[PDB]
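Notes for the one structure printed next.
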Amino acid sequence: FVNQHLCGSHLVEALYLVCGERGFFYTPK
Amino acid sequence: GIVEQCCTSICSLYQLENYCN
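Heads up: the sequence lines are chains BBB and AAA, in that order. Under the deposited numbering, the first sequence has 18 at position 18, and the numbering climbs by one with no breaks. Under the deposited numbering, the second sequence has 13 at position 13, and the numbering climbs by one with no breaks.
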């Protein structure tokens, strides 16, 4: 699921699945 | 940033993990 173009909700979903209990930051600017 | 690396171009696990806390 990670080795592709990921935009918008699709990118946030990948971050969520990869990072698990760590969480993540989404900084599109 | 992440949009240029993962949306405009092909993402990777390596790069996604740079945005985990």
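All C-beta atoms in this analysis are idealised placements derived from N, C-alpha and C, irrespective of residue type, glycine included.
- When Cβ-Cβ separations below 7 Å define contact, BBB:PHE1 makes no contact with chain AAA.
- Remark: C-beta atoms of AAA:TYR19 and BBB:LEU17 do not approach each other more closely than 7 Å.
- Residues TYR26 of the same chain have their beta carbon placed closer than 8 Å to that of BBB:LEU11, with the five preceding and five following residues left out of the count.
- With 16 or more neighbouring CB atoms inside 10 Å of its own CB, AAA:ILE2 falls in the buried class.
- BBB:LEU11 belongs to the set of residues whose beta carbon lies under 7 Å from a beta carbon in chain AAA.
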